[PDB]
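Asker: Let me begin by handing over the structure; questions about it come next.
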Amino acid sequence: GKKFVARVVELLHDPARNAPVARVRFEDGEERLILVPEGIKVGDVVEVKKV
Amino acid sequence: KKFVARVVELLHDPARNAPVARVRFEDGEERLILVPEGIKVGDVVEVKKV
């Protein structure tokens with residue numbers, strides 16, 4: 001359907017994992033923390049999608 | 001590459017439009033993320049940049 005997207009607003013570091021966690025912002029103004037891939041920058045948009 | 005995880009649980013909170021899914025990543029780590037409507041338990045989701 002419509003692409004499920006969120007804007008990356010902050011990039012944090014998870015020390016347990018050596019991996020980035022982005023603070024993201026949904027269309028309704030909700031903000032959550034997600035594991036993201038490498039190469040994500042603040043200001044990008046990420047999609048969650050079935051494979 | 002392809003950053004993926006398998007939906008283990010899925011819950012519709014009447015408080016938001018999108019459902020909350022508990023996903024299992026590569027190493028076994030589990031977290032709660034918002035998924036699109038129509039994700040069912042057992043699906044694999046991908047987090048990618050657009």
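Labeling convention for the structure tokens: chains A, B, ... as they appear, residues from 1 per chain, ligands from 1 in order of appearance.
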Could you list, as an mmCIF file with N, CA, C and O atoms, in the first residue's frame, every residue of chain A that has an atom within 8 Å of an atom of chain B, counting only C-alpha atoms?

Answerer:
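What landed in iface07.cif:
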data_model
loop_
_atom_site.group_PDB
_atom_site.id
_atom_site.type_symbol
_atom_site.label_atom_id
_atom_site.label_comp_id
_atom_site.auth_asym_id
_atom_site.auth_seq_id
_atom_site.Cartn_x
_atom_site.Cartn_y
_atom_site.Cartn_z
ATOM 1 N N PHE A 4 5.335 2.865 4.260
ATOM 2 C CA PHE A 4 5.467 3.094 5.725
ATOM 3 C C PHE A 4 6.845 3.693 6.008
ATOM 4 O O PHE A 4 7.805 2.994 6.106
ATOM 5 N N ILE A 34 14.921 2.921 16.611
ATOM 6 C CA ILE A 34 15.057 1.656 15.878
ATOM 7 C C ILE A 34 16.517 1.348 15.540
ATOM 8 O O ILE A 34 17.319 2.248 15.267
ATOM 9 N N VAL A 36 18.917 0.591 12.777
ATOM 10 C CA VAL A 36 18.908 0.922 11.335
ATOM 11 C C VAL A 36 20.130 0.296 10.686
ATOM 12 O O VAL A 36 20.997 -0.174 11.361
ATOM 13 N N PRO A 37 20.222 0.317 9.354
ATOM 14 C CA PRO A 37 21.384 -0.163 8.658
ATOM 15 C C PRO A 37 22.535 0.839 8.678
ATOM 16 O O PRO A 37 22.449 1.884 9.189
ATOM 17 N N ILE A 40 22.928 5.277 7.157
ATOM 18 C CA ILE A 40 21.781 6.173 7.409
ATOM 19 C C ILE A 40 22.339 7.445 8.023
ATOM 20 O O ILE A 40 23.266 7.337 8.762
ATOM 21 N N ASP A 44 17.542 11.593 6.617
ATOM 22 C CA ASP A 44 17.007 10.646 5.669
ATOM 23 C C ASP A 44 15.675 10.114 6.164
ATOM 24 O O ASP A 44 15.266 10.319 7.308
ATOM 25 N N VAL A 45 15.031 9.384 5.267
ATOM 26 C CA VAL A 45 13.759 8.726 5.486
ATOM 27 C C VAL A 45 14.013 7.239 5.377
ATOM 28 O O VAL A 45 14.624 6.776 4.397
ATOM 29 N N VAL A 46 13.517 6.478 6.331
ATOM 30 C CA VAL A 46 13.688 5.039 6.284
ATOM 31 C C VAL A 46 12.319 4.414 6.080
ATOM 32 O O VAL A 46 11.299 4.981 6.496
ATOM 33 N N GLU A 47 12.306 3.255 5.430
ATOM 34 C CA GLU A 47 11.094 2.495 5.167
ATOM 35 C C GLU A 47 11.180 1.172 5.910
ATOM 36 O O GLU A 47 12.264 0.590 6.005
ATOM 37 N N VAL A 48 10.059 0.713 6.464
ATOM 38 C CA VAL A 48 9.909 -0.668 6.914
ATOM 39 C C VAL A 48 8.965 -1.359 5.941
ATOM 40 O O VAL A 48 7.861 -0.852 5.683
ATOM 41 N N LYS A 49 9.372 -2.544 5.453
ATOM 42 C CA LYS A 49 8.733 -3.175 4.304
ATOM 43 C C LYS A 49 8.823 -4.688 4.385
ATOM 44 O O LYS A 49 9.868 -5.241 4.737
ATOM 45 N N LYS A 50 7.739 -5.362 4.010
ATOM 46 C CA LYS A 50 7.791 -6.813 3.963
ATOM 47 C C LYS A 50 8.721 -7.254 2.843
ATOM 48 O O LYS A 50 8.857 -6.566 1.829
ATOM 49 N N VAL A 51 9.406 -8.376 3.072
ATOM 50 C CA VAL A 51 10.289 -9.039 2.101
ATOM 51 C C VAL A 51 9.747 -10.437 1.776
ATOM 52 O O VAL A 51 10.050 -11.045 0.731
#

Asker: Which of chain B counts as strand (DSSP E or B) under DSSP, as a ChimeraX atom specification please?

Answerer: /B:4-11,20-25,30-34,44-49

Asker: So how many Å separate atom CA of residue A:28 and atom CA of residue A:42, to one decimal?

Answerer: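 Interatomic distance, atom CA of residue A:28 to atom CA of residue A:42: 18.8 Å.
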
Asker: If I take atom CA of residue B:11 and atom CA of residue B:23, how far is one from the other in Å, to one decimal?

Answerer: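 Atom CA of residue B:11 sits 11.8 Å away from atom CA of residue B:23.
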
Asker: Can you measure atom CA of residue A:27 to atom CA of residue A:5 for me? One decimal in Å is fine.

Answerer: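 That distance, rounded to one decimal, is 7.8 Å.
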
Asker: Looking at only C-alpha atoms, which of A:25, A:32, A:10, A:38 is the one that sits closest to residue B:20?

Answerer: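 Checking each of A:25, A:32, A:10, A:38 against residue B:20, counting only C-alpha atoms, the winner is A:32.
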